[PDB]
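Remarks on the structure that follows.
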Amino acid sequence: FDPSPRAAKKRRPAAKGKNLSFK
Amino acid sequence: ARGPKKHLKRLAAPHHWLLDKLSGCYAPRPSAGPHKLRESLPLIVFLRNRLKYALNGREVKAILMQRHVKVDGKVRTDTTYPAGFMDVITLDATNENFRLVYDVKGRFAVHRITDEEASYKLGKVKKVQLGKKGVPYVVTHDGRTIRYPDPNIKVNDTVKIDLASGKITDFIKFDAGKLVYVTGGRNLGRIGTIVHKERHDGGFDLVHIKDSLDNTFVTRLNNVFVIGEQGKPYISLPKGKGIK
Amino acid sequence: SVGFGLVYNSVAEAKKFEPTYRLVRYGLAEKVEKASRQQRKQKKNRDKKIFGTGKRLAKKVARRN
Amino acid sequence: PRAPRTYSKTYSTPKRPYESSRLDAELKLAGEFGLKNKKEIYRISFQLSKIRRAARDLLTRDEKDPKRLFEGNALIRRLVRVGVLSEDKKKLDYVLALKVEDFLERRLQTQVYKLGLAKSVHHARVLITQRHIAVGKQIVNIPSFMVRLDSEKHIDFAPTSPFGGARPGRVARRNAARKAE
Amino acid sequence: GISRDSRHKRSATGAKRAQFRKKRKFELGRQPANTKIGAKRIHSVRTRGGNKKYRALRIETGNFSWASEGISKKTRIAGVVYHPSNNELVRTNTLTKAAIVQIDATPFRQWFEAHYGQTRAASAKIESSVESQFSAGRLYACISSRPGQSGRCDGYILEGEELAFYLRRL
RNA sequence: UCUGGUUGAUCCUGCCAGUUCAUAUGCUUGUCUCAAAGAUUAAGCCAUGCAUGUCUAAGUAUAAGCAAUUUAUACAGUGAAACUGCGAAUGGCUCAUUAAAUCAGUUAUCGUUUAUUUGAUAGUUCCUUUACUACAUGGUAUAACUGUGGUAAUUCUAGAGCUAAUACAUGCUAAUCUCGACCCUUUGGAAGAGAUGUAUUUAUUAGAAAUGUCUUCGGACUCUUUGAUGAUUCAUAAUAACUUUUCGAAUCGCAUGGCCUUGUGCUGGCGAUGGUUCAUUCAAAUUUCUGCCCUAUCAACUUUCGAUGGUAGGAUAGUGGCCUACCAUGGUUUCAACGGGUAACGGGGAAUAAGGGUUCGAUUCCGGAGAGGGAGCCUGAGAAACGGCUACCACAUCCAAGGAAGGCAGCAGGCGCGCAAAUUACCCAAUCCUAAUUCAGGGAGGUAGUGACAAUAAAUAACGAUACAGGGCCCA
Ligand SMILES: [Mg+2]
Ligand SMILES: [Mg+2]
Ligand SMILES: [Mg+2]
Ligand SMILES: [Mg+2]
Ligand SMILES: [Mg+2]
Ligand SMILES: [Mg+2]
Ligand SMILES: [Mg+2]
Ligand SMILES: [Mg+2]
Ligand SMILES: [Mg+2]
Ligand SMILES: [Mg+2]
Ligand SMILES: [Mg+2]
Ligand SMILES: [Mg+2]
Ligand SMILES: [Mg+2]
Ligand SMILES: [Mg+2]
Ligand SMILES: [Mg+2]
Ligand SMILES: [Mg+2]
Ligand SMILES: [Mg+2]
Ligand SMILES: [Mg+2]
Ligand SMILES: [Mg+2]
Ligand SMILES: [Mg+2]
Ligand SMILES: [Mg+2]
Ligand SMILES: [Mg+2]
Ligand SMILES: [Mg+2]
Ligand SMILES: [Mg+2]
Ligand SMILES: [Mg+2]
Ligand SMILES: [Mg+2]
Ligand SMILES: [Mg+2]
Ligand SMILES: [Mg+2]
Ligand SMILES: [Mg+2]
């Protein structure tokens, strides 16, 4: 016999990078 | 000086804030409040240097004047308000609840908690005394006065405070085998179990703490904060579980 | 090249939260015309030497001369 | 006021600068590696002296000593990464055997000469300072730039250089315009 | 002008110390209040913090306690009869703490007559000396308050060994 | 520290010759990054400019202000001035004084004050003139403003007339809780016996064999009744009075919900500012132990006029010879007292060194002290303040000679010589601080300029072809 609350679950970031090209 | 000081040089600021030495000449001097100057994190540092939501002091003031930040359930609008250990910071717009707990490095960690865990906090009993009209009260480490405590509550015990009502829900006695968190000294941030409390009358008491890895260390009683029974903390712990 | 960028959820919010100088760069606000710091401070001191509206002082000097 | 910003000297004058052997050694080093002055040799000597003093101090300590293991392993890793120390000589004893030629060997000027991009060390210096050499995607205009093992295979002519595929320099197009006229 | 700083004094060895700094407001003193018997004259003093002290410049009444009987009555002060610190205060009739004064016996006598119905018998018995004083018309009392600090000239009636000691000293 | 001589050739002892830092200065000075700016022991003297002010919906606008409007009926948008509140006790600069002093580490307040922040905290029903304001009291009152004026002169102000408050000064409005007979046996009703804030001062007081019976098997029957500290006359409570005696909301914004017996009835939301005490925080004041350079050709010092201690008082925020009165004769000292010198602010630190040591530390952080030199004060939570006041000394400006006004060891910039050295620049955008306050202010701070302070990197060229000639270099 050995004598021995959960943290909030991490979230994937809402936003991501966006790429554009021109000219 | 002829009166209280109002400025704080960056080199004289607490090291655990991690302030750039060349960013400016001054640091946010914490205002008077629940926590001591050297043991507090002003809201500007938390919002700008840690969370990075604000890019400078003006944006922090803009955020605060919108009443977006709550500290232990009450809206705070002061940039240098001294948030400290075991304080719950709520940002409803971003759906964030944070508890201020040091990591093994000894610095306040960005620790996200659930709403249910954000509904309460822990307070180390700093004093127990009868007030006027013979009404007992307890003074905690955050300066809260709570009247009509349980008669079993004594100094160095930990009371679980419901933030909505500011009343004691449960408490933990200071005894051997209890889980403790180190809130000062070079062992700041470590977690362990009490093995023995060495008593020196007229001097400083010493407590021996054993971590899960069986490493033992000695600390002054002032720096020890009971957080639960072994294997059953009453709060969620940061990554590392106070090891090393 | 590398820089920083902000995209506000509305033009009104941008006007509300952006610094004045950046709005002036973008034309969303007009540059306020003011005197130099030295002129403003000297005017402040000269006003500080006067108590009240000062019109009674003007009429008194007019009568005296 | 604002906090101080730290600084240090990167070289030290030798004990007796006028030894004839020392002057001849400096002549040979500067000629072989195309160095501008004696200050560069003094800088490399200062760095190597610090390294070898640290290695000697660590060797003084007992084997399996935590300080010895940690700091010696870090030093060996750094020396191997920069290419001065070989992979098969990963011991402090070989750190004590290092020489200034080993550090001069890794300079971007020497590498540019040896890879064949330049016909001489001085031609390599002129190419580097004139913005014709790129280590990877970055234009490097510092001859003393110390090349790592991984970077060694990525030295080439810059995309913007006339020798790297851009348009001819001003002299070439000027002469072409005069000839066409 | 008055200061309480200990720097102006000689060291324990006897050395003469040099002036470390100029006098500070937080180590000041003020003029003494030589309270004297007469119509009540009291003036307030603004002290450190917002706190206030009351200076009794003159006072002729005070609240004196009969401790054996456990009562207190407001009584006129006749005069100062003995002071242990300085006899000049007795000569000038200056009221301070520990000054032995003579007070009117009337309220205490009236209370005693009302309470005990005598001018039960066992409880009504008191010390011979105090009864002799009552016959005289004046009671010896010791001032227990500090008139220059609180503005009050309260005290208690001497009894027992203290009364005998002060009767000997008188 | 080494090198070469002094012999026919060596050893030893001597002689000869050569072998970073600081100050002052000379010449040169293209590019990138970065960074500093003392010095006559003169803490000597300063022209001029600036460096501390501050307003939210929420203390006070009939500005004879502006602008509005469904063109206004107490006001209402915005708002100079002025009152009120807060700040100006922070910051910046300098190192004169200071040798158990400051300072460093380490202690105590059971020895005290503490604006502000944060958390708690205050129904006292009644008590004769009820002859009664609480659907709300006064000028016991003024500024700004109007108007009449004095002076050469200043952030000088007089006499008269007005008018507000979160200024000043007064003052009120059928409760709750213990038991509970009797009914009734619970969600009980209550005839009746009783009790009733704080603050100040003093005295007194408290604070330390039921192992049974029955029962429904549950439970009931009698009893308990402060806490903390190593430690207290502690916290706290009680009694009797006492007080030029306090406090216990006569304040403000936004909004117009709910009950009805339909009354401009009763009730009611979210905030601001206050207010008594306690705790907390930012602080302050004292305080325990150990540690300072040279001097003994300074050996005795302190004590008459407090030196060491005792009793009492005064004063203080409070301990205490801090001061007073009366008492004793003590206290320090060759383990260096006392006196003297210091080109003595102390420390973190810097340089050198193989180690022991030696020197420097005005100078980016902490603490102390000062604002030309002594002395004393007002206000305030906090100052013995100096970009506050008053006197004296030394300097020194204006003057109509009667007076009036001074403090750059703050930022720029001058004198101190006749010989010399950064800009009398821009800005609050960053850092943070102040205010009533997101917004205003900040020579604090930042930006740039300016003698190569101390440091980093690094150009002033690279690659070829042709022609001619026979010598070029090294040792000795
Ligand atoms: Mg200061
Ligand atoms: Mg420790
Ligand atoms: Mg203790
Ligand atoms: Mg004004
Ligand atoms: Mg190019
Ligand atoms: Mg260029
Ligand atoms: Mg109006
Ligand atoms: Mg308005
Ligand atoms: Mg001396
Ligand atoms: Mg000492
Ligand atoms: Mg304030
Ligand atoms: Mg409060
Ligand atoms: Mg008038
Ligand atoms: Mg005494
Ligand atoms: Mg005396
Ligand atoms: Mg010195
Ligand atoms: Mg000096
Ligand atoms: Mg210093
Ligand atoms: Mg001062
Ligand atoms: Mg001067
Ligand atoms: Mg004030
Ligand atoms: Mg002064
Ligand atoms: Mg000045
Ligand atoms: Mg000042
Ligand atoms: Mg200057
Ligand atoms: Mg000059
Ligand atoms: Mg307000
Ligand atoms: Mg400056
Ligand atoms: Mg050139």
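Note on naming: chains are A, B, ... as they come in the structure tokens, residues start from 1 per chain, ligands start from 1 in the order shown.
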Which residues come within 9 Å of residue 43 (chain B), counting only C-alpha atoms (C1' of nucleotides), excluding same-chain residues fewer than 3 positions away, as a ChimeraX atom specification?
/B:30,46-48,60,78-83
Please produce a file of those selected residues containing N, CA, C and O atoms, as an mmCIF file, in the first residue's frame.
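Contents of out29.cif, freshly written:
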```cif
data_model
loop_
_atom_site.group_PDB
_atom_site.id
_atom_site.type_symbol
_atom_site.label_atom_id
_atom_site.label_comp_id
_atom_site.auth_asym_id
_atom_site.auth_seq_id
_atom_site.Cartn_x
_atom_site.Cartn_y
_atom_site.Cartn_z
ATOM 1 N N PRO B 30 3.989 47.433 -8.164
ATOM 2 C CA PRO B 30 2.663 46.970 -7.742
ATOM 3 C C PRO B 30 2.044 47.927 -6.740
ATOM 4 O O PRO B 30 2.726 48.485 -5.882
ATOM 5 N N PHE B 46 1.209 40.302 -16.397
ATOM 6 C CA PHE B 46 0.503 39.091 -16.800
ATOM 7 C C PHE B 46 -0.122 39.249 -18.181
ATOM 8 O O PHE B 46 -0.040 38.343 -19.017
ATOM 9 N N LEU B 47 -0.747 40.397 -18.445
ATOM 10 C CA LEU B 47 -1.464 40.570 -19.703
ATOM 11 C C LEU B 47 -0.525 40.826 -20.873
ATOM 12 O O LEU B 47 -0.839 40.448 -22.004
ATOM 13 N N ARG B 48 0.618 41.467 -20.635
ATOM 14 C CA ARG B 48 1.508 41.873 -21.714
ATOM 15 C C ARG B 48 2.678 40.918 -21.908
ATOM 16 O O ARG B 48 2.916 40.452 -23.024
ATOM 17 N N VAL B 60 -3.066 47.582 -22.334
ATOM 18 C CA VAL B 60 -3.504 46.962 -21.088
ATOM 19 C C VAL B 60 -4.564 47.821 -20.416
ATOM 20 O O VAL B 60 -5.574 47.312 -19.914
ATOM 21 N N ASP B 78 -7.205 48.338 -12.320
ATOM 22 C CA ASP B 78 -5.914 48.938 -12.011
ATOM 23 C C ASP B 78 -4.815 48.120 -12.680
ATOM 24 O O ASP B 78 -4.758 46.898 -12.513
ATOM 25 N N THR B 79 -3.945 48.791 -13.439
ATOM 26 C CA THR B 79 -2.944 48.072 -14.222
ATOM 27 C C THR B 79 -1.952 47.350 -13.324
ATOM 28 O O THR B 79 -1.511 46.241 -13.641
ATOM 29 N N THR B 80 -1.583 47.965 -12.203
ATOM 30 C CA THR B 80 -0.599 47.410 -11.287
ATOM 31 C C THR B 80 -1.240 46.730 -10.085
ATOM 32 O O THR B 80 -0.643 46.698 -9.007
ATOM 33 N N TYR B 81 -2.438 46.188 -10.246
ATOM 34 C CA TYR B 81 -3.088 45.485 -9.152
ATOM 35 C C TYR B 81 -2.285 44.235 -8.802
ATOM 36 O O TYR B 81 -1.979 43.436 -9.696
ATOM 37 N N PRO B 82 -1.931 44.019 -7.530
ATOM 38 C CA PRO B 82 -1.021 42.901 -7.224
ATOM 39 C C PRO B 82 -1.699 41.537 -7.129
ATOM 40 O O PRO B 82 -2.060 41.042 -6.065
ATOM 41 N N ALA B 83 -1.891 40.903 -8.279
ATOM 42 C CA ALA B 83 -2.279 39.503 -8.284
ATOM 43 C C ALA B 83 -1.138 38.664 -7.723
ATOM 44 O O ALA B 83 0.037 39.007 -7.860
#
```
Residues near region 121-134 of chain F, anyone? I mean within 7 Å using only C-alpha atoms (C1' of nucleotides), not counting same-chain ones fewer than 5 positions away, as a ChimeraX atom specification.
/F:172-173,175,196-197,248
What residues of the protein or nucleic acid chains come within 10 Å of ligand 7 when you use only C-alpha atoms (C1' of nucleotides) and all ligand atoms? Reply as a list in words.
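Written in the requested form, the residues are residues 61, 62, 63, 75, 76, 77, 78 and 79 of chain F.
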Once you count only C-alpha atoms (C1' of nucleotides), which residues of chain F turn out to be within 8 Å of chain C? Could you give them as a ChimeraX atom specification?
/F:50,80-82,144,155
Let me see the file: selected residues, N, CA, C and O atoms (P, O5', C5', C4', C3', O3' and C1' of nucleotides), as a PDB file, in the first residue's frame.
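Result written to again_3.pdb:
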```
ATOM      1  P     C F  50       9.342  79.716 -18.836  1.00  0.00           P
ATOM      2  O5'   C F  50       9.441  78.138 -18.667  1.00  0.00           O
ATOM      3  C5'   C F  50       8.928  77.267 -19.661  1.00  0.00           C
ATOM      4  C4'   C F  50       9.624  75.931 -19.645  1.00  0.00           C
ATOM      5  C3'   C F  50       9.382  75.055 -18.428  1.00  0.00           C
ATOM      6  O3'   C F  50       8.136  74.384 -18.441  1.00  0.00           O
ATOM      7  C1'   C F  50      11.682  75.085 -18.907  1.00  0.00           C
ATOM      8  P     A F  80     -13.591  74.070 -18.439  1.00  0.00           P
ATOM      9  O5'   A F  80     -13.013  75.552 -18.412  1.00  0.00           O
ATOM     10  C5'   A F  80     -12.021  75.962 -19.342  1.00  0.00           C
ATOM     11  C4'   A F  80     -11.873  77.461 -19.379  1.00  0.00           C
ATOM     12  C3'   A F  80     -11.486  78.131 -18.072  1.00  0.00           C
ATOM     13  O3'   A F  80     -10.101  78.059 -17.794  1.00  0.00           O
ATOM     14  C1'   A F  80     -13.279  79.307 -19.051  1.00  0.00           C
ATOM     15  P     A F  81      -9.597  77.740 -16.305  1.00  0.00           P
ATOM     16  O5'   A F  81     -10.259  78.885 -15.424  1.00  0.00           O
ATOM     17  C5'   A F  81      -9.930  80.252 -15.620  1.00  0.00           C
ATOM     18  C4'   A F  81     -10.789  81.140 -14.757  1.00  0.00           C
ATOM     19  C3'   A F  81     -10.810  80.785 -13.282  1.00  0.00           C
ATOM     20  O3'   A F  81      -9.704  81.321 -12.578  1.00  0.00           O
ATOM     21  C1'   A F  81     -13.022  81.082 -14.049  1.00  0.00           C
ATOM     22  P     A F  82      -8.837  80.395 -11.598  1.00  0.00           P
ATOM     23  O5'   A F  82      -9.740  80.271 -10.300  1.00  0.00           O
ATOM     24  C5'   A F  82     -10.157  81.427  -9.596  1.00  0.00           C
ATOM     25  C4'   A F  82     -11.393  81.158  -8.783  1.00  0.00           C
ATOM     26  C3'   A F  82     -11.321  79.992  -7.817  1.00  0.00           C
ATOM     27  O3'   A F  82     -10.629  80.295  -6.621  1.00  0.00           O
ATOM     28  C1'   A F  82     -13.337  79.878  -9.021  1.00  0.00           C
ATOM     29  P     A F 144     -13.088  86.734  -6.019  1.00  0.00           P
ATOM     30  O5'   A F 144     -13.436  86.168  -7.463  1.00  0.00           O
ATOM     31  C5'   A F 144     -12.508  85.365  -8.173  1.00  0.00           C
ATOM     32  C4'   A F 144     -13.205  84.346  -9.036  1.00  0.00           C
ATOM     33  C3'   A F 144     -14.094  84.889 -10.138  1.00  0.00           C
ATOM     34  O3'   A F 144     -13.372  85.297 -11.289  1.00  0.00           O
ATOM     35  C1'   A F 144     -15.230  83.169  -8.983  1.00  0.00           C
ATOM     36  P     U F 155       5.050  88.499 -10.995  1.00  0.00           P
ATOM     37  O5'   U F 155       3.531  88.432 -10.532  1.00  0.00           O
ATOM     38  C5'   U F 155       2.688  87.370 -10.944  1.00  0.00           C
ATOM     39  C4'   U F 155       1.629  87.057  -9.918  1.00  0.00           C
ATOM     40  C3'   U F 155       2.031  87.280  -8.463  1.00  0.00           C
ATOM     41  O3'   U F 155       0.883  87.629  -7.688  1.00  0.00           O
ATOM     42  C1'   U F 155       1.586  84.988  -8.811  1.00  0.00           C
TER      43        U F 155
END
```
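For region 164-169 of chain E, the list of residues within 12 Å, based on only C-alpha atoms (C1' of nucleotides) and with local chain neighbours fewer than 5 positions off taken out, reads residues 81, 82, 83, 84, 98, 99, 100, 101, 127, 128, 129, 130, 133, 139, 140, 141, 142, 157, 158 and 159 of chain E.
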Could the residues in this selection be saved with N, CA and C atoms as a PDB file, in the first residue's frame?
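Result written to again_0.pdb:
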```
ATOM      1  N   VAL E  81      -1.709  68.322  47.421  1.00  0.00           N
ATOM      2  CA  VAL E  81      -1.161  68.244  48.766  1.00  0.00           C
ATOM      3  C   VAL E  81       0.243  67.654  48.770  1.00  0.00           C
ATOM      4  N   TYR E  82       0.545  66.760  47.834  1.00  0.00           N
ATOM      5  CA  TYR E  82       1.836  66.089  47.814  1.00  0.00           C
ATOM      6  C   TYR E  82       2.094  65.580  46.407  1.00  0.00           C
ATOM      7  N   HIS E  83       3.332  65.736  45.932  1.00  0.00           N
ATOM      8  CA  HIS E  83       3.728  65.187  44.643  1.00  0.00           C
ATOM      9  C   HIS E  83       5.084  64.511  44.821  1.00  0.00           C
ATOM     10  N   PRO E  84       5.252  63.263  44.367  1.00  0.00           N
ATOM     11  CA  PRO E  84       6.528  62.576  44.619  1.00  0.00           C
ATOM     12  C   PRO E  84       7.678  63.059  43.754  1.00  0.00           C
ATOM     13  N   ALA E  98      -0.084  60.990  39.401  1.00  0.00           N
ATOM     14  CA  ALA E  98       0.500  60.601  40.678  1.00  0.00           C
ATOM     15  C   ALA E  98       0.491  61.736  41.695  1.00  0.00           C
ATOM     16  N   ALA E  99      -0.060  62.900  41.373  1.00  0.00           N
ATOM     17  CA  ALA E  99      -0.145  63.975  42.351  1.00  0.00           C
ATOM     18  C   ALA E  99      -1.255  63.678  43.346  1.00  0.00           C
ATOM     19  N   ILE E 100      -0.942  63.778  44.633  1.00  0.00           N
ATOM     20  CA  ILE E 100      -1.924  63.545  45.685  1.00  0.00           C
ATOM     21  C   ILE E 100      -2.712  64.831  45.878  1.00  0.00           C
ATOM     22  N   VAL E 101      -4.031  64.740  45.733  1.00  0.00           N
ATOM     23  CA  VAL E 101      -4.917  65.890  45.789  1.00  0.00           C
ATOM     24  C   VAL E 101      -5.978  65.636  46.849  1.00  0.00           C
ATOM     25  N   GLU E 127     -12.648  51.643  56.544  1.00  0.00           N
ATOM     26  CA  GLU E 127     -11.421  51.971  57.254  1.00  0.00           C
ATOM     27  C   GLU E 127     -11.631  53.188  58.144  1.00  0.00           C
ATOM     28  N   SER E 128     -10.935  53.202  59.281  1.00  0.00           N
ATOM     29  CA  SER E 128     -11.059  54.318  60.211  1.00  0.00           C
ATOM     30  C   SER E 128     -10.539  55.613  59.600  1.00  0.00           C
ATOM     31  N   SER E 129      -9.423  55.541  58.873  1.00  0.00           N
ATOM     32  CA  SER E 129      -8.833  56.742  58.294  1.00  0.00           C
ATOM     33  C   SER E 129      -9.758  57.381  57.264  1.00  0.00           C
ATOM     34  N   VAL E 130     -10.380  56.568  56.410  1.00  0.00           N
ATOM     35  CA  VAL E 130     -11.272  57.118  55.396  1.00  0.00           C
ATOM     36  C   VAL E 130     -12.481  57.771  56.052  1.00  0.00           C
ATOM     37  N   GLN E 133     -11.485  61.098  57.346  1.00  0.00           N
ATOM     38  CA  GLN E 133     -11.451  62.059  56.250  1.00  0.00           C
ATOM     39  C   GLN E 133     -12.853  62.524  55.885  1.00  0.00           C
ATOM     40  N   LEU E 139     -11.331  64.185  50.902  1.00  0.00           N
ATOM     41  CA  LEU E 139     -10.720  62.872  50.737  1.00  0.00           C
ATOM     42  C   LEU E 139      -9.414  62.991  49.969  1.00  0.00           C
ATOM     43  N   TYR E 140      -8.393  62.284  50.444  1.00  0.00           N
ATOM     44  CA  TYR E 140      -7.128  62.198  49.728  1.00  0.00           C
ATOM     45  C   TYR E 140      -7.271  61.240  48.556  1.00  0.00           C
ATOM     46  N   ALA E 141      -6.885  61.697  47.371  1.00  0.00           N
ATOM     47  CA  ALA E 141      -6.969  60.897  46.162  1.00  0.00           C
ATOM     48  C   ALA E 141      -5.670  61.027  45.384  1.00  0.00           C
ATOM     49  N   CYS E 142      -5.408  60.027  44.552  1.00  0.00           N
ATOM     50  CA  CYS E 142      -4.259  60.007  43.662  1.00  0.00           C
ATOM     51  C   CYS E 142      -4.755  60.115  42.231  1.00  0.00           C
ATOM     52  N   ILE E 157      -9.500  57.184  45.114  1.00  0.00           N
ATOM     53  CA  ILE E 157      -9.345  57.534  46.523  1.00  0.00           C
ATOM     54  C   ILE E 157      -8.330  56.602  47.164  1.00  0.00           C
ATOM     55  N   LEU E 158      -7.382  57.180  47.897  1.00  0.00           N
ATOM     56  CA  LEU E 158      -6.348  56.393  48.552  1.00  0.00           C
ATOM     57  C   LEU E 158      -6.953  55.532  49.652  1.00  0.00           C
ATOM     58  N   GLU E 159      -6.468  54.298  49.760  1.00  0.00           N
ATOM     59  CA  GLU E 159      -6.918  53.383  50.797  1.00  0.00           C
ATOM     60  C   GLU E 159      -5.760  52.490  51.215  1.00  0.00           C
TER      61      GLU E 159
END
```
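With only C-alpha atoms (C1' of nucleotides) and all ligand atoms as the atoms that count, the set of residues no farther than 12 Å from ligand 16 is residues 95, 292, 293, 342, 343, 344, 345, 346, 359, 360, 361 and 362 of chain F.
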As a ChimeraX atom specification, which residues of chain C does DSSP assign to alpha helix (DSSP H)?
/C:11-17,20-26,37-48,55-64
Exercise answer, 7 Å around ligand 27 with only C-alpha atoms (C1' of nucleotides) and all ligand atoms, as a list in words
residues 56, 58, 59, 272, 273 and 436 of chain F
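For ligand 2, the neighbouring polymer residues at 6 Å or closer are residues 185, 186, 219 and 220 of chain B, only C-alpha atoms (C1' of nucleotides) and all ligand atoms being used.
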Can you tell me how far CA of residue 34 (chain D) sits from CA of residue 133 (chain D), in Å to one decimal?
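Between these atoms lies a distance of 17.1 Å.
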Compare F:373, F:388, F:253, F:310 by their minimum atom-to-atom distance to residue 327 (chain F), counting only C-alpha atoms (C1' of nucleotides), and give me the closest one.
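Among the listed residues, F:310 lies closest to residue 327 (chain F).
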Give me the residues within 12 Å of residue 289 (chain F) as a PDB file with N, CA, C and O atoms (P, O5', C5', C4', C3', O3' and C1' of nucleotides), in the first residue's frame, counting only C-alpha atoms (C1' of nucleotides) and dropping any in the same chain fewer than 2 places off.
```pdb
ATOM      1  P     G F 105      22.253  43.436   3.013  1.00  0.00           P
ATOM      2  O5'   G F 105      22.324  42.165   3.962  1.00  0.00           O
ATOM      3  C5'   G F 105      22.893  40.956   3.493  1.00  0.00           C
ATOM      4  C4'   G F 105      23.462  40.133   4.617  1.00  0.00           C
ATOM      5  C3'   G F 105      22.474  39.628   5.651  1.00  0.00           C
ATOM      6  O3'   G F 105      21.725  38.507   5.220  1.00  0.00           O
ATOM      7  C1'   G F 105      24.358  40.511   6.747  1.00  0.00           C
ATOM      8  P     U F 106      20.193  38.353   5.668  1.00  0.00           P
ATOM      9  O5'   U F 106      20.268  38.235   7.250  1.00  0.00           O
ATOM     10  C5'   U F 106      20.963  37.163   7.864  1.00  0.00           C
ATOM     11  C4'   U F 106      21.016  37.317   9.361  1.00  0.00           C
ATOM     12  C3'   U F 106      19.679  37.470  10.061  1.00  0.00           C
ATOM     13  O3'   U F 106      19.004  36.240  10.249  1.00  0.00           O
ATOM     14  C1'   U F 106      21.174  39.097  10.877  1.00  0.00           C
ATOM     15  P     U F 107      17.458  36.239  10.671  1.00  0.00           P
ATOM     16  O5'   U F 107      17.440  37.120  11.992  1.00  0.00           O
ATOM     17  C5'   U F 107      16.226  37.559  12.573  1.00  0.00           C
ATOM     18  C4'   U F 107      16.473  38.193  13.915  1.00  0.00           C
ATOM     19  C3'   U F 107      15.271  38.840  14.574  1.00  0.00           C
ATOM     20  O3'   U F 107      14.444  37.898  15.230  1.00  0.00           O
ATOM     21  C1'   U F 107      17.113  40.310  14.688  1.00  0.00           C
ATOM     22  P     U F 287      17.872  53.152  18.537  1.00  0.00           P
ATOM     23  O5'   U F 287      17.740  51.577  18.695  1.00  0.00           O
ATOM     24  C5'   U F 287      16.995  51.015  19.762  1.00  0.00           C
ATOM     25  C4'   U F 287      16.746  49.549  19.536  1.00  0.00           C
ATOM     26  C3'   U F 287      17.948  48.744  19.088  1.00  0.00           C
ATOM     27  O3'   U F 287      18.823  48.434  20.153  1.00  0.00           O
ATOM     28  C1'   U F 287      16.097  48.184  17.747  1.00  0.00           C
ATOM     29  P     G F 291      33.395  42.632  16.158  1.00  0.00           P
ATOM     30  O5'   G F 291      33.509  42.977  14.612  1.00  0.00           O
ATOM     31  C5'   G F 291      34.087  42.053  13.707  1.00  0.00           C
ATOM     32  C4'   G F 291      33.906  42.491  12.278  1.00  0.00           C
ATOM     33  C3'   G F 291      34.448  43.864  11.931  1.00  0.00           C
ATOM     34  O3'   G F 291      35.844  43.852  11.706  1.00  0.00           O
ATOM     35  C1'   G F 291      32.278  43.616  11.028  1.00  0.00           C
TER      36        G F 291
END
```
Contact table chain F vs ligand 22, cut-off 9 Å, shortest pair per residue, only C-alpha atoms (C1' of nucleotides) and all ligand atoms, as JSON lines:
```
{"residue": "F:371", "atom": "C1'", "partner": "ligand 22", "partner_atom_place_in_ligand_line": "1 (Mg)", "distance": 8.3}
{"residue": "F:384", "atom": "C1'", "partner": "ligand 22", "partner_atom_place_in_ligand_line": "1 (Mg)", "distance": 7.2}
{"residue": "F:385", "atom": "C1'", "partner": "ligand 22", "partner_atom_place_in_ligand_line": "1 (Mg)", "distance": 6.4}
{"residue": "F:386", "atom": "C1'", "partner": "ligand 22", "partner_atom_place_in_ligand_line": "1 (Mg)", "distance": 4.7}
```
